[PDB]
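Undergrad: Take a look at entry03.pdb, PDB, C-alpha atoms and all ligand atoms:
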MODEL        1
ATOM      1  CA  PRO A 101      74.933 -20.480-115.010  1.00  0.00           C
ATOM      2  CA  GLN A 102      73.303 -17.123-115.301  1.00  0.00           C
ATOM      3  CA  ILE A 103      69.528 -17.527-114.940  1.00  0.00           C
ATOM      4  CA  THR A 104      67.133 -14.853-116.121  1.00  0.00           C
ATOM      5  CA  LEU A 105      63.668 -14.524-114.612  1.00  0.00           C
ATOM      6  CA  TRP A 106      61.320 -14.308-117.571  1.00  0.00           C
ATOM      7  CA  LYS A 107      60.166 -17.816-116.630  1.00  0.00           C
ATOM      8  CA  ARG A 108      60.211 -19.566-113.245  1.00  0.00           C
ATOM      9  CA  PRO A 109      63.839 -20.544-112.257  1.00  0.00           C
ATOM     10  CA  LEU A 110      63.183 -24.263-112.213  1.00  0.00           C
ATOM     11  CA  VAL A 111      66.068 -26.740-112.048  1.00  0.00           C
ATOM     12  CA  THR A 112      66.502 -30.447-111.494  1.00  0.00           C
ATOM     13  CA  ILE A 113      67.463 -31.636-108.058  1.00  0.00           C
ATOM     14  CA  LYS A 114      68.501 -35.085-106.872  1.00  0.00           C
ATOM     15  CA  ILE A 115      67.447 -36.188-103.414  1.00  0.00           C
ATOM     16  CA  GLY A 116      66.990 -39.728-102.093  1.00  0.00           C
ATOM     17  CA  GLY A 117      68.279 -41.026-105.487  1.00  0.00           C
ATOM     18  CA  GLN A 118      65.401 -39.423-107.335  1.00  0.00           C
ATOM     19  CA  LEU A 119      65.186 -36.518-109.668  1.00  0.00           C
ATOM     20  CA  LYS A 120      62.657 -33.735-108.966  1.00  0.00           C
ATOM     21  CA  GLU A 121      61.996 -30.254-110.303  1.00  0.00           C
ATOM     22  CA  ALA A 122      62.513 -27.364-107.863  1.00  0.00           C
ATOM     23  CA  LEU A 123      62.332 -23.588-107.812  1.00  0.00           C
ATOM     24  CA  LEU A 124      65.416 -21.463-106.926  1.00  0.00           C
ATOM     25  CA  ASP A 125      63.910 -19.023-104.431  1.00  0.00           C
ATOM     26  CA  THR A 126      65.781 -16.060-103.005  1.00  0.00           C
ATOM     27  CA  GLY A 127      62.683 -15.129-101.033  1.00  0.00           C
ATOM     28  CA  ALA A 128      62.629 -18.407 -99.083  1.00  0.00           C
ATOM     29  CA  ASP A 129      64.716 -18.769 -95.947  1.00  0.00           C
ATOM     30  CA  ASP A 130      64.337 -22.570 -96.036  1.00  0.00           C
ATOM     31  CA  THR A 131      64.084 -25.452 -98.506  1.00  0.00           C
ATOM     32  CA  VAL A 132      60.701 -27.187 -98.706  1.00  0.00           C
ATOM     33  CA  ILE A 133      60.071 -30.417-100.637  1.00  0.00           C
ATOM     34  CA  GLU A 134      56.858 -32.356-101.288  1.00  0.00           C
ATOM     35  CA  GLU A 135      56.117 -35.523 -99.364  1.00  0.00           C
ATOM     36  CA  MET A 136      58.852 -38.107 -99.734  1.00  0.00           C
ATOM     37  CA  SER A 137      60.837 -40.540 -97.608  1.00  0.00           C
ATOM     38  CA  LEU A 138      64.069 -39.323 -96.047  1.00  0.00           C
ATOM     39  CA  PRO A 139      66.336 -41.098 -93.571  1.00  0.00           C
ATOM     40  CA  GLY A 140      66.769 -40.380 -89.929  1.00  0.00           C
ATOM     41  CA  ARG A 141      64.813 -38.472 -87.295  1.00  0.00           C
ATOM     42  CA  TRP A 142      62.895 -35.311 -87.917  1.00  0.00           C
ATOM     43  CA  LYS A 143      62.069 -32.293 -85.774  1.00  0.00           C
ATOM     44  CA  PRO A 144      59.003 -30.061 -85.885  1.00  0.00           C
ATOM     45  CA  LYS A 145      58.911 -26.715 -87.645  1.00  0.00           C
ATOM     46  CA  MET A 146      56.214 -24.186 -88.406  1.00  0.00           C
ATOM     47  CA  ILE A 147      56.809 -22.140 -91.588  1.00  0.00           C
ATOM     48  CA  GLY A 148      54.951 -19.072 -92.731  1.00  0.00           C
ATOM     49  CA  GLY A 149      54.142 -18.384 -96.338  1.00  0.00           C
ATOM     50  CA  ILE A 150      51.981 -15.854 -98.036  1.00  0.00           C
ATOM     51  CA  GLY A 151      48.739 -17.671 -97.107  1.00  0.00           C
ATOM     52  CA  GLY A 152      49.555 -18.587 -93.476  1.00  0.00           C
ATOM     53  CA  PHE A 153      51.496 -21.070 -91.377  1.00  0.00           C
ATOM     54  CA  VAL A 154      51.985 -24.769 -91.982  1.00  0.00           C
ATOM     55  CA  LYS A 155      53.600 -27.654 -90.090  1.00  0.00           C
ATOM     56  CA  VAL A 156      56.466 -29.473 -91.745  1.00  0.00           C
ATOM     57  CA  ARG A 157      59.039 -32.116 -90.925  1.00  0.00           C
ATOM     58  CA  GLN A 158      62.602 -30.882 -90.558  1.00  0.00           C
ATOM     59  CA  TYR A 159      65.368 -33.282 -91.653  1.00  0.00           C
ATOM     60  CA  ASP A 160      68.933 -32.195 -91.064  1.00  0.00           C
ATOM     61  CA  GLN A 161      72.124 -33.016 -92.974  1.00  0.00           C
ATOM     62  CA  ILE A 162      70.448 -34.384 -96.114  1.00  0.00           C
ATOM     63  CA  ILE A 163      72.471 -34.903 -99.284  1.00  0.00           C
ATOM     64  CA  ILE A 164      70.938 -33.017-102.205  1.00  0.00           C
ATOM     65  CA  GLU A 165      72.270 -32.066-105.678  1.00  0.00           C
ATOM     66  CA  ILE A 166      70.916 -28.816-107.146  1.00  0.00           C
ATOM     67  CA  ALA A 167      71.481 -28.252-110.865  1.00  0.00           C
ATOM     68  CA  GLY A 168      74.535 -30.464-110.555  1.00  0.00           C
ATOM     69  CA  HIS A 169      75.947 -28.734-107.452  1.00  0.00           C
ATOM     70  CA  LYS A 170      76.321 -30.773-104.265  1.00  0.00           C
ATOM     71  CA  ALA A 171      74.869 -29.585-100.981  1.00  0.00           C
ATOM     72  CA  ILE A 172      74.262 -31.234 -97.606  1.00  0.00           C
ATOM     73  CA  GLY A 173      71.788 -29.457 -95.351  1.00  0.00           C
ATOM     74  CA  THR A 174      68.349 -29.022 -93.910  1.00  0.00           C
ATOM     75  CA  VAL A 175      65.302 -30.039 -95.897  1.00  0.00           C
ATOM     76  CA  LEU A 176      61.708 -29.424 -94.792  1.00  0.00           C
ATOM     77  CA  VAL A 177      59.104 -31.892 -96.004  1.00  0.00           C
ATOM     78  CA  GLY A 178      55.445 -31.025 -96.348  1.00  0.00           C
ATOM     79  CA  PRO A 179      52.506 -30.347 -98.697  1.00  0.00           C
ATOM     80  CA  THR A 180      53.505 -27.776-101.267  1.00  0.00           C
ATOM     81  CA  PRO A 181      52.595 -27.320-104.933  1.00  0.00           C
ATOM     82  CA  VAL A 182      56.213 -26.610-105.744  1.00  0.00           C
ATOM     83  CA  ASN A 183      59.595 -27.864-104.391  1.00  0.00           C
ATOM     84  CA  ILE A 184      61.491 -24.824-103.155  1.00  0.00           C
ATOM     85  CA  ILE A 185      65.228 -24.327-102.812  1.00  0.00           C
ATOM     86  CA  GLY A 186      65.747 -21.570-100.271  1.00  0.00           C
ATOM     87  CA  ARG A 187      68.680 -19.568 -99.101  1.00  0.00           C
ATOM     88  CA  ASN A 188      70.032 -22.231 -96.738  1.00  0.00           C
ATOM     89  CA  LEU A 189      70.997 -24.264 -99.820  1.00  0.00           C
ATOM     90  CA  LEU A 190      71.427 -21.431-102.346  1.00  0.00           C
ATOM     91  CA  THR A 191      74.326 -20.258-100.190  1.00  0.00           C
ATOM     92  CA  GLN A 192      75.917 -23.731-100.333  1.00  0.00           C
ATOM     93  CA  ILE A 193      75.959 -23.677-104.127  1.00  0.00           C
ATOM     94  CA  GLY A 194      77.316 -20.105-104.182  1.00  0.00           C
ATOM     95  CA  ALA A 195      74.276 -18.407-105.720  1.00  0.00           C
ATOM     96  CA  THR A 196      73.984 -14.613-105.870  1.00  0.00           C
ATOM     97  CA  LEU A 197      71.475 -12.147-107.282  1.00  0.00           C
ATOM     98  CA  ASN A 198      72.942  -9.671-109.685  1.00  0.00           C
ATOM     99  CA  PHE A 199      71.664  -6.515-111.469  1.00  0.00           C
TER
ATOM    100  CA  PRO B   1      75.144  -4.840-107.492  1.00  0.00           C
ATOM    101  CA  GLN B   2      75.849  -8.405-106.423  1.00  0.00           C
ATOM    102  CA  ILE B   3      73.659  -9.498-103.555  1.00  0.00           C
ATOM    103  CA  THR B   4      74.672 -12.537-101.510  1.00  0.00           C
ATOM    104  CA  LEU B   5      72.090 -14.679 -99.864  1.00  0.00           C
ATOM    105  CA  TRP B   6      73.483 -15.068 -96.370  1.00  0.00           C
ATOM    106  CA  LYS B   7      70.673 -12.779 -95.272  1.00  0.00           C
ATOM    107  CA  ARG B   8      67.269 -11.901 -96.762  1.00  0.00           C
ATOM    108  CA  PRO B   9      67.779  -9.778 -99.900  1.00  0.00           C
ATOM    109  CA  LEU B  10      65.950  -6.682 -98.750  1.00  0.00           C
ATOM    110  CA  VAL B  11      66.077  -3.419-100.666  1.00  0.00           C
ATOM    111  CA  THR B  12      64.406  -0.019-100.519  1.00  0.00           C
ATOM    112  CA  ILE B  13      61.650   0.644-102.995  1.00  0.00           C
ATOM    113  CA  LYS B  14      59.626   3.749-103.853  1.00  0.00           C
ATOM    114  CA  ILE B  15      56.004   3.151-104.743  1.00  0.00           C
ATOM    115  CA  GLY B  16      53.038   5.502-104.717  1.00  0.00           C
ATOM    116  CA  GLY B  17      55.269   8.280-103.247  1.00  0.00           C
ATOM    117  CA  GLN B  18      56.244   6.027-100.286  1.00  0.00           C
ATOM    118  CA  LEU B  19      59.476   4.369 -99.326  1.00  0.00           C
ATOM    119  CA  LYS B  20      59.210   0.748 -98.298  1.00  0.00           C
ATOM    120  CA  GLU B  21      61.489  -2.232 -97.681  1.00  0.00           C
ATOM    121  CA  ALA B  22      60.903  -5.226 -99.952  1.00  0.00           C
ATOM    122  CA  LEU B  23      62.303  -8.701-100.574  1.00  0.00           C
ATOM    123  CA  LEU B  24      63.858  -9.567-103.964  1.00  0.00           C
ATOM    124  CA  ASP B  25      62.006 -12.826-104.533  1.00  0.00           C
ATOM    125  CA  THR B  26      62.891 -15.086-107.495  1.00  0.00           C
ATOM    126  CA  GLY B  27      60.277 -17.608-106.301  1.00  0.00           C
ATOM    127  CA  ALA B  28      57.396 -15.162-106.679  1.00  0.00           C
ATOM    128  CA  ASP B  29      55.591 -14.745-109.959  1.00  0.00           C
ATOM    129  CA  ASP B  30      54.047 -11.457-108.757  1.00  0.00           C
ATOM    130  CA  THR B  31      54.940  -8.322-106.828  1.00  0.00           C
ATOM    131  CA  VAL B  32      52.859  -8.035-103.641  1.00  0.00           C
ATOM    132  CA  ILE B  33      52.838  -4.995-101.356  1.00  0.00           C
ATOM    133  CA  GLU B  34      51.216  -4.455 -97.970  1.00  0.00           C
ATOM    134  CA  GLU B  35      48.006  -2.416 -97.834  1.00  0.00           C
ATOM    135  CA  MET B  36      48.395   1.027 -99.328  1.00  0.00           C
ATOM    136  CA  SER B  37      46.486   3.264-101.710  1.00  0.00           C
ATOM    137  CA  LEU B  38      47.448   3.371-105.384  1.00  0.00           C
ATOM    138  CA  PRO B  39      45.888   5.458-108.141  1.00  0.00           C
ATOM    139  CA  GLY B  40      43.695   4.126-110.975  1.00  0.00           C
ATOM    140  CA  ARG B  41      41.631   1.059-111.541  1.00  0.00           C
ATOM    141  CA  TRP B  42      42.012  -2.293-109.861  1.00  0.00           C
ATOM    142  CA  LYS B  43      40.430  -5.693-109.914  1.00  0.00           C
ATOM    143  CA  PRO B  44      40.343  -8.498-107.369  1.00  0.00           C
ATOM    144  CA  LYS B  45      42.674 -11.488-107.534  1.00  0.00           C
ATOM    145  CA  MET B  46      43.494 -14.564-105.452  1.00  0.00           C
ATOM    146  CA  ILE B  47      47.151 -15.482-105.132  1.00  0.00           C
ATOM    147  CA  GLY B  48      48.647 -18.455-103.507  1.00  0.00           C
ATOM    148  CA  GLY B  49      51.746 -19.804-101.897  1.00  0.00           C
ATOM    149  CA  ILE B  50      52.589 -21.791 -98.832  1.00  0.00           C
ATOM    150  CA  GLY B  51      49.718 -21.786 -96.507  1.00  0.00           C
ATOM    151  CA  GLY B  52      47.039 -21.165 -99.116  1.00  0.00           C
ATOM    152  CA  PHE B  53      45.533 -18.174-100.880  1.00  0.00           C
ATOM    153  CA  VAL B  54      45.015 -14.494-100.117  1.00  0.00           C
ATOM    154  CA  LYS B  55      42.746 -11.968-101.794  1.00  0.00           C
ATOM    155  CA  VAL B  56      44.513  -8.940-103.242  1.00  0.00           C
ATOM    156  CA  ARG B  57      43.800  -5.931-105.418  1.00  0.00           C
ATOM    157  CA  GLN B  58      45.537  -5.903-108.825  1.00  0.00           C
ATOM    158  CA  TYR B  59      46.753  -2.520-110.083  1.00  0.00           C
ATOM    159  CA  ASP B  60      48.233  -2.431-113.581  1.00  0.00           C
ATOM    160  CA  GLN B  61      50.841  -0.017-115.019  1.00  0.00           C
ATOM    161  CA  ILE B  62      52.344   1.057-111.682  1.00  0.00           C
ATOM    162  CA  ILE B  63      55.792   2.617-111.649  1.00  0.00           C
ATOM    163  CA  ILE B  64      58.163   1.514-109.004  1.00  0.00           C
ATOM    164  CA  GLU B  65      61.785   2.309-108.128  1.00  0.00           C
ATOM    165  CA  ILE B  66      63.678  -0.750-106.847  1.00  0.00           C
ATOM    166  CA  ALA B  67      67.082  -0.034-105.359  1.00  0.00           C
ATOM    167  CA  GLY B  68      67.351   2.927-107.633  1.00  0.00           C
ATOM    168  CA  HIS B  69      66.118   1.208-110.824  1.00  0.00           C
ATOM    169  CA  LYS B  70      62.777   2.287-112.328  1.00  0.00           C
ATOM    170  CA  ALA B  71      60.339  -0.299-113.612  1.00  0.00           C
ATOM    171  CA  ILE B  72      56.647  -0.477-114.498  1.00  0.00           C
ATOM    172  CA  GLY B  73      54.244  -3.347-114.121  1.00  0.00           C
ATOM    173  CA  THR B  74      51.417  -4.912-112.213  1.00  0.00           C
ATOM    174  CA  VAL B  75      51.437  -4.537-108.456  1.00  0.00           C
ATOM    175  CA  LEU B  76      49.193  -6.566-106.129  1.00  0.00           C
ATOM    176  CA  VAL B  77      48.175  -5.001-102.832  1.00  0.00           C
ATOM    177  CA  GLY B  78      46.933  -6.979 -99.863  1.00  0.00           C
ATOM    178  CA  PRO B  79      47.667  -8.496 -96.516  1.00  0.00           C
ATOM    179  CA  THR B  80      51.168  -9.882 -97.092  1.00  0.00           C
ATOM    180  CA  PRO B  81      53.453  -9.958 -94.066  1.00  0.00           C
ATOM    181  CA  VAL B  82      56.484  -8.911 -96.201  1.00  0.00           C
ATOM    182  CA  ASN B  83      56.581  -6.750 -99.335  1.00  0.00           C
ATOM    183  CA  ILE B  84      57.858  -8.911-102.237  1.00  0.00           C
ATOM    184  CA  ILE B  85      59.336  -7.920-105.589  1.00  0.00           C
ATOM    185  CA  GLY B  86      58.559 -10.838-107.866  1.00  0.00           C
ATOM    186  CA  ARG B  87      59.755 -11.815-111.309  1.00  0.00           C
ATOM    187  CA  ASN B  88      57.433  -9.486-113.189  1.00  0.00           C
ATOM    188  CA  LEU B  89      59.522  -6.572-111.949  1.00  0.00           C
ATOM    189  CA  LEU B  90      62.875  -8.330-111.345  1.00  0.00           C
ATOM    190  CA  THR B  91      63.135  -8.921-115.104  1.00  0.00           C
ATOM    191  CA  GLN B  92      62.779  -5.190-115.734  1.00  0.00           C
ATOM    192  CA  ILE B  93      65.787  -4.288-113.603  1.00  0.00           C
ATOM    193  CA  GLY B  94      67.870  -7.011-115.301  1.00  0.00           C
ATOM    194  CA  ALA B  95      68.156  -9.273-112.261  1.00  0.00           C
ATOM    195  CA  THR B  96      69.726 -12.684-112.689  1.00  0.00           C
ATOM    196  CA  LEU B  97      70.602 -15.587-110.458  1.00  0.00           C
ATOM    197  CA  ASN B  98      74.234 -16.657-110.816  1.00  0.00           C
ATOM    198  CA  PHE B  99      76.145 -19.694-109.557  1.00  0.00           C
TER
HETATM  199  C1  LIG A 201      58.713 -21.439 -98.759  1.00  0.00           C
HETATM  200  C2  LIG A 201      58.760 -20.680 -97.391  1.00  0.00           C
HETATM  201  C3  LIG A 201      60.035 -21.051 -96.592  1.00  0.00           C
HETATM  202  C4  LIG A 201      57.462 -20.982 -96.632  1.00  0.00           C
HETATM  203  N1  LIG A 201      58.898 -19.226 -97.642  1.00  0.00           N
HETATM  204  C5  LIG A 201      57.957 -18.472 -98.285  1.00  0.00           C
HETATM  205  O1  LIG A 201      56.941 -18.942 -98.770  1.00  0.00           O
HETATM  206  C6  LIG A 201      58.355 -16.995 -98.303  1.00  0.00           C
HETATM  207  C7  LIG A 201      57.454 -16.347 -97.233  1.00  0.00           C
HETATM  208  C8  LIG A 201      57.690 -14.823 -97.200  1.00  0.00           C
HETATM  209  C9  LIG A 201      56.721 -14.112 -96.199  1.00  0.00           C
HETATM  210  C10 LIG A 201      55.241 -14.291 -96.629  1.00  0.00           C
HETATM  211  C11 LIG A 201      55.100 -13.583 -97.981  1.00  0.00           C
HETATM  212  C12 LIG A 201      55.966 -14.351 -99.002  1.00  0.00           C
HETATM  213  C13 LIG A 201      57.464 -14.304 -98.622  1.00  0.00           C
HETATM  214  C14 LIG A 201      58.332 -15.002 -99.615  1.00  0.00           C
HETATM  215  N2  LIG A 201      57.989 -16.464 -99.626  1.00  0.00           N
HETATM  216  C15 LIG A 201      58.765 -17.079-100.683  1.00  0.00           C
HETATM  217  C16 LIG A 201      58.135 -16.942-102.043  1.00  0.00           C
HETATM  218  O2  LIG A 201      59.158 -16.927-103.028  1.00  0.00           O
HETATM  219  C17 LIG A 201      56.995 -17.956-102.335  1.00  0.00           C
HETATM  220  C18 LIG A 201      57.573 -19.348-102.551  1.00  0.00           C
HETATM  221  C19 LIG A 201      56.565 -20.318-103.145  1.00  0.00           C
HETATM  222  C20 LIG A 201      56.562 -20.528-104.501  1.00  0.00           C
HETATM  223  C21 LIG A 201      55.638 -21.355-105.143  1.00  0.00           C
HETATM  224  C22 LIG A 201      54.662 -22.003-104.344  1.00  0.00           C
HETATM  225  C23 LIG A 201      54.641 -21.811-102.988  1.00  0.00           C
HETATM  226  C24 LIG A 201      55.611 -20.950-102.355  1.00  0.00           C
HETATM  227  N3  LIG A 201      56.252 -17.478-103.483  1.00  0.00           N
HETATM  228  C25 LIG A 201      54.959 -17.141-103.387  1.00  0.00           C
HETATM  229  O3  LIG A 201      54.317 -17.207-102.335  1.00  0.00           O
HETATM  230  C26 LIG A 201      54.337 -16.666-104.678  1.00  0.00           C
HETATM  231  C27 LIG A 201      53.445 -15.478-104.405  1.00  0.00           C
HETATM  232  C28 LIG A 201      53.004 -14.990-105.770  1.00  0.00           C
HETATM  233  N4  LIG A 201      51.730 -15.216-106.152  1.00  0.00           N
HETATM  234  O4  LIG A 201      53.793 -14.405-106.504  1.00  0.00           O
HETATM  235  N5  LIG A 201      53.678 -17.836-105.338  1.00  0.00           N
HETATM  236  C29 LIG A 201      53.921 -18.196-106.622  1.00  0.00           C
HETATM  237  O5  LIG A 201      54.617 -17.493-107.368  1.00  0.00           O
HETATM  238  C30 LIG A 201      53.263 -19.494-106.981  1.00  0.00           C
HETATM  239  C31 LIG A 201      53.793 -20.255-107.996  1.00  0.00           C
HETATM  240  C32 LIG A 201      53.193 -21.465-108.340  1.00  0.00           C
HETATM  241  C33 LIG A 201      52.017 -21.930-107.646  1.00  0.00           C
HETATM  242  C34 LIG A 201      51.334 -23.119-107.904  1.00  0.00           C
HETATM  243  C35 LIG A 201      50.192 -23.474-107.161  1.00  0.00           C
HETATM  244  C36 LIG A 201      49.718 -22.625-106.132  1.00  0.00           C
HETATM  245  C37 LIG A 201      50.396 -21.443-105.874  1.00  0.00           C
HETATM  246  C38 LIG A 201      51.535 -21.062-106.597  1.00  0.00           C
HETATM  247  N6  LIG A 201      52.163 -19.888-106.301  1.00  0.00           N
HETATM  248 CL    CL A 202      53.689  -6.955-114.970  1.00  0.00          CL
HETATM  249 CL    CL A 203      67.326 -10.184-120.116  1.00  0.00          CL
HETATM  250 NA    NA A 204      46.482   1.208-113.586  1.00  0.00          NA
ENDMDL
END
Please express what this file holds, its structure, as structure tokens.

TA:
Amino acid sequence: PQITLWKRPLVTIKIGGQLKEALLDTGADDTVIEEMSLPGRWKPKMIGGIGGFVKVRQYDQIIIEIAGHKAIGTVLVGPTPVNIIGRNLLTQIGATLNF
Amino acid sequence: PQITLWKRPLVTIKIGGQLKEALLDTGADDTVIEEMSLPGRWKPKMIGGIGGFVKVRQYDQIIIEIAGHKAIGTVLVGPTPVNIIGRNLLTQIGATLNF
């Protein structure tokens, strides 16, 4: 698809068998999802957003479908108002910005 | 241009007579620039993201050049660690996300 930006670039993702809404974010280095259960061990990570730094749980090698495109990569879990798909996964689905 | 997402999508902007580097940010509703003076009226605003909220000054009808493309819109000025070009100006330069 070609997605314009007049509204938020929200898509459906599938993770852990469940469907969620998420934002395609070229400004995010990483992918951050609201509290949910994921398999395996996690590692600590501190991420910085516009209002300051927050602690999250880093899960590696997680299967995730993004607007029907399959990816397997790192997902950060923590308190966020919006699920964010960052560049680590945008590059797996072959997304570019064009003007 | 086509911009890949292997790295942060940073471009040069001209704003208020100054050259700056800024992030093309599809996950930002607003354009937020580090502290600088701009002409005309402003009003206070709180904006949020990861980590909470920050107080900014809202300047309306500000011209900006983004990678060579002129646009006008609202610009927020405040203590952001990175200058961000959000959707309000990305639409004006015809930016799309493609995959
Ligand atoms: C997600 C994470 C990996 C932490 N990356 C970032 O957060 C990087 C950090 C960079 C350095 C600090 C300055 C911002 C840039 C770009 N951001 C990405 C950037 O795209 C970020 C992602 C995001 C979206 C929605 C909610 C939270 C977070 N957007 C934002 O921070 C913008 C700022 C704005 N007012 O325009 N927020 C929003 O547009 C926005 C949208 C919906 C909301 C709902 C409730 C509360 C707040 C909400 N904020
Ligand atoms: Cl605007
Ligand atoms: Cl358009
Ligand atoms: Na003005």

Undergrad: What's the 7 Å shell around stretch 31-38 of chain B, counting all atoms listed in the file, without same-chain residues fewer than 3 positions away, as a PyMOL selection string?

TA: chain B and resi 16+75-80+83-86+88

Undergrad: Please produce a file of the residues just selected, as a PDB file, in the frame of the given file, where the atoms kept are C-alpha atoms.

TA:
ATOM      1  CA  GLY B  16      53.038   5.502-104.717  1.00  0.00           C
ATOM      2  CA  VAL B  75      51.437  -4.537-108.456  1.00  0.00           C
ATOM      3  CA  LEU B  76      49.193  -6.566-106.129  1.00  0.00           C
ATOM      4  CA  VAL B  77      48.175  -5.001-102.832  1.00  0.00           C
ATOM      5  CA  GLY B  78      46.933  -6.979 -99.863  1.00  0.00           C
ATOM      6  CA  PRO B  79      47.667  -8.496 -96.516  1.00  0.00           C
ATOM      7  CA  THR B  80      51.168  -9.882 -97.092  1.00  0.00           C
ATOM      8  CA  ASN B  83      56.581  -6.750 -99.335  1.00  0.00           C
ATOM      9  CA  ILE B  84      57.858  -8.911-102.237  1.00  0.00           C
ATOM     10  CA  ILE B  85      59.336  -7.920-105.589  1.00  0.00           C
ATOM     11  CA  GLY B  86      58.559 -10.838-107.866  1.00  0.00           C
ATOM     12  CA  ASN B  88      57.433  -9.486-113.189  1.00  0.00           C
TER      13      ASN B  88
END

Undergrad: Can you turn the PyMOL selection byres (((not hetatm)) within 8 of (chain A and resi 201)) into a concrete residue list for this file, as an MDAnalysis selection string?

TA: (chainID A and resid 123 125:132 147:153 180:184 186) or (chainID B and resid 23 25:32 47:53 80:84 86)

Undergrad: Any chance you could work out the residue set of the PyMOL selection byres (((not hetatm)) within 9 of (chain A and resi 203)) here, as a list in words?

TA: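 So the PyMOL selection byres (((not hetatm)) within 9 of (chain A and resi 203)) ends up selecting residues 104, 105 and 106 of chain A; 91, 92, 93, 94, 95 and 96 of chain B.
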
Undergrad: In terms of the shortest atom-to-atom distance over only C-alpha atoms and all ligand atoms, which of B:74, B:18, B:12, B:58 is closest to ligand CL 202 (chain A)?

TA: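 Ranking B:74, B:18, B:12, B:58 by distance to ligand CL 202 (chain A), first place goes to B:74.
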
Undergrad: Least-squares superpose chain B on chain A across all ordered C-alpha pairs, then write out what you get as a short mmCIF file (atom, residue, chain, number, x, y, z; two decimals) with C-alpha atoms, keeping the file's coordinate frame.

TA:
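Output file superposed_13.cif is given in full below:
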data_model
loop_
_atom_site.label_atom_id
_atom_site.label_comp_id
_atom_site.auth_asym_id
_atom_site.auth_seq_id
_atom_site.Cartn_x
_atom_site.Cartn_y
_atom_site.Cartn_z
CA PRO B 1 75.14 -20.57 -115.22
CA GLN B 2 73.26 -17.30 -115.54
CA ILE B 3 69.54 -17.73 -115.10
CA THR B 4 67.21 -14.99 -116.32
CA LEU B 5 63.92 -14.40 -114.65
CA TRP B 6 61.55 -14.18 -117.59
CA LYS B 7 60.25 -17.55 -116.48
CA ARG B 8 60.26 -19.40 -113.13
CA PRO B 9 63.83 -20.50 -112.32
CA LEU B 10 63.22 -24.22 -112.21
CA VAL B 11 66.05 -26.74 -112.02
CA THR B 12 66.44 -30.48 -111.56
CA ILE B 13 67.47 -31.69 -108.15
CA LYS B 14 68.41 -35.11 -106.78
CA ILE B 15 67.29 -35.83 -103.24
CA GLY B 16 66.81 -39.11 -101.43
CA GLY B 17 67.64 -41.01 -104.68
CA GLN B 18 64.83 -39.18 -106.56
CA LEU B 19 64.89 -36.60 -109.29
CA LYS B 20 62.59 -33.64 -108.79
CA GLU B 21 62.00 -30.19 -110.26
CA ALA B 22 62.48 -27.29 -107.84
CA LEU B 23 62.32 -23.50 -107.81
CA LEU B 24 65.46 -21.45 -106.99
CA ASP B 25 63.88 -19.14 -104.43
CA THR B 26 65.85 -16.19 -102.98
CA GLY B 27 62.77 -15.19 -100.95
CA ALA B 28 62.70 -18.45 -99.00
CA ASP B 29 64.71 -18.90 -95.85
CA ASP B 30 64.26 -22.70 -96.05
CA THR B 31 64.25 -25.54 -98.56
CA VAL B 32 60.84 -27.23 -98.70
CA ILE B 33 60.09 -30.41 -100.65
CA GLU B 34 56.81 -32.18 -101.34
CA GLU B 35 56.02 -35.31 -99.31
CA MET B 36 58.69 -37.96 -99.61
CA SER B 37 60.60 -40.26 -97.30
CA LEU B 38 64.06 -39.27 -96.08
CA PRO B 39 66.37 -41.23 -93.80
CA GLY B 40 67.20 -40.36 -90.18
CA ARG B 41 65.60 -38.31 -87.49
CA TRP B 42 63.16 -35.47 -87.93
CA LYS B 43 61.24 -33.02 -85.84
CA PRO B 44 58.09 -31.03 -86.50
CA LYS B 45 58.16 -27.39 -87.58
CA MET B 46 55.69 -24.70 -88.66
CA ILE B 47 56.73 -22.50 -91.56
CA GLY B 48 54.98 -19.55 -92.95
CA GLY B 49 54.56 -17.42 -96.01
CA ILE B 50 51.70 -15.90 -97.90
CA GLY B 51 48.53 -17.48 -96.87
CA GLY B 52 49.68 -18.59 -93.44
CA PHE B 53 51.55 -21.53 -91.96
CA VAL B 54 52.06 -25.19 -92.83
CA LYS B 55 53.34 -28.03 -90.68
CA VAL B 56 56.44 -29.78 -92.01
CA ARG B 57 59.00 -32.35 -90.95
CA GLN B 58 62.56 -31.03 -90.48
CA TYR B 59 65.38 -33.35 -91.56
CA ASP B 60 68.93 -32.17 -90.85
CA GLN B 61 72.16 -33.04 -92.72
CA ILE B 62 70.52 -34.05 -96.01
CA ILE B 63 72.61 -34.10 -99.16
CA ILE B 64 71.11 -32.69 -102.25
CA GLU B 65 72.32 -32.14 -105.83
CA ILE B 66 70.99 -28.89 -107.33
CA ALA B 67 71.57 -28.48 -111.05
CA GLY B 68 74.64 -30.60 -110.71
CA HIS B 69 76.05 -28.92 -107.57
CA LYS B 70 76.17 -30.92 -104.31
CA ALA B 71 75.17 -29.31 -101.05
CA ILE B 72 74.17 -30.44 -97.56
CA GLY B 73 71.72 -28.88 -95.16
CA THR B 74 68.32 -28.95 -93.57
CA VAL B 75 65.41 -30.00 -95.74
CA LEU B 76 61.76 -29.51 -94.74
CA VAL B 77 59.20 -31.96 -96.10
CA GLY B 78 55.50 -31.24 -96.27
CA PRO B 79 52.54 -30.23 -98.34
CA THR B 80 54.07 -27.49 -100.51
CA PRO B 81 52.60 -27.11 -103.98
CA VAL B 82 56.08 -26.44 -105.49
CA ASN B 83 59.48 -27.74 -104.35
CA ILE B 84 61.61 -24.74 -103.28
CA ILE B 85 65.36 -24.40 -102.86
CA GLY B 86 65.79 -21.65 -100.30
CA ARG B 87 68.76 -19.64 -99.14
CA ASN B 88 70.11 -22.28 -96.79
CA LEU B 89 71.12 -24.32 -99.83
CA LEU B 90 71.48 -21.53 -102.44
CA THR B 91 74.44 -20.17 -100.45
CA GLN B 92 76.17 -23.55 -100.69
CA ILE B 93 76.12 -23.58 -104.49
CA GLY B 94 77.43 -19.99 -104.59
CA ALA B 95 74.24 -18.43 -105.96
CA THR B 96 74.03 -14.66 -106.18
CA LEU B 97 71.53 -12.13 -107.43
CA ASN B 98 73.05 -9.67 -109.90
CA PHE B 99 71.76 -6.43 -111.41
#
